[PDB]
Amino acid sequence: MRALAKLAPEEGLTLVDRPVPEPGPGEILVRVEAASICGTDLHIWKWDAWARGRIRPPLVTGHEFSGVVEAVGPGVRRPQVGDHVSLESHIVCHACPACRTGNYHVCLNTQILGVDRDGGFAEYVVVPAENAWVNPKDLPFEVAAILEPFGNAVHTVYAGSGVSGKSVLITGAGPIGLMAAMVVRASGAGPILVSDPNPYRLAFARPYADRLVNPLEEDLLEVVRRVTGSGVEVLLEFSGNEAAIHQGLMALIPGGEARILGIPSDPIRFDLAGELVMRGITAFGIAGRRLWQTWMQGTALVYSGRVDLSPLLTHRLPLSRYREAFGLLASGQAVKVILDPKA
């Protein structure tokens, strides 16, 4: 079995060759058909702070993957051999406050596939049976591979009051913010504004946004004010950029909602009273995918065709050419990159 792994406390990844793992009680063996990469894999790649204080080599990485169920552990009745399944990366403890409360997306003992244990950057991987989401056989594995990150967008968009019949400002047109714009557009939001200084990705939202904006070339606040008449009702933050955050909040009309998925790199300067309290803003910190509700909403949009994730898949490279795949990541020249573990 071909697999991509982090073998030591250092930069880069190593294409190794492991024995096909066997599933046990409550587990299944997935024969990966497609996998994708995101900023998290990049952190590991670069072997930065985050990675250093979290990754325990040796580890086969990859948390965005899809495939077929090859065999199941003893006593596993679901899913079944032959099922096409996408994977939920978070493995929840089912024994902490968050889990009783039903907030599995924030289980205090979360274990992320490809971050804490072997992931999908391999021809085969073993995962908990409860983490497999069965997909119709006709859903392409390449789209199926990005359902996990798509779920991050879905969760952010549908959190709080949703976006149907509401004015939306999405700050950040990265892969996720991009899926968000696809979702909000299909959810009936309007007007829909998407802001991102990078024109490459910003152009990707043109067919979904009502107004594209380069905060560097144009004054976002003024554009929003010209498009809505005042502010937006919902703010979907996917940039993690302090300047964008403060800007987004100002664009919000009093009493509106700010749904934040973006992870800033450093603590921000925040005027609680001015940006949140006095304006009656509600800030929703979005993490992971609401376990199952997010997957239902998301896959429903995808299965029925309300959204088409195909245009976000810019490159598909054999797993063996991972080096280039990660270079595209750092580059930013691609949206989502699919890795074929079979080559």
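Numbering starts at 1 and runs along the sequence shown.
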property	result
66 to 74 or 285 to 293, whichever carries the higher mean Cα B-factor	66 to 74
Which of 107 to 115 and 250 to 258 has higher mean CA B factor, as the PDB entry lists it	107 to 115
Deposited CA B-factor, highest of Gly280, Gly305, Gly274, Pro58	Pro58
Which of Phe150, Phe141, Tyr158, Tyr200 ranks first by CA B-factor in the deposited coordinates	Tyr200
Third assignment of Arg185 from its chain's C-alpha B-factors	lowest
Assigned third (lowest, middle, highest) for the C-alpha B factor of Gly102	highest
Chain-wide C-alpha B factor ranking for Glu217, given as lowest, middle or highest third	highest
Third of chain Cα B-factors occupied by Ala49	highest
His90, C-alpha B-factor rank within chain (lowest, middle or highest third)	middle
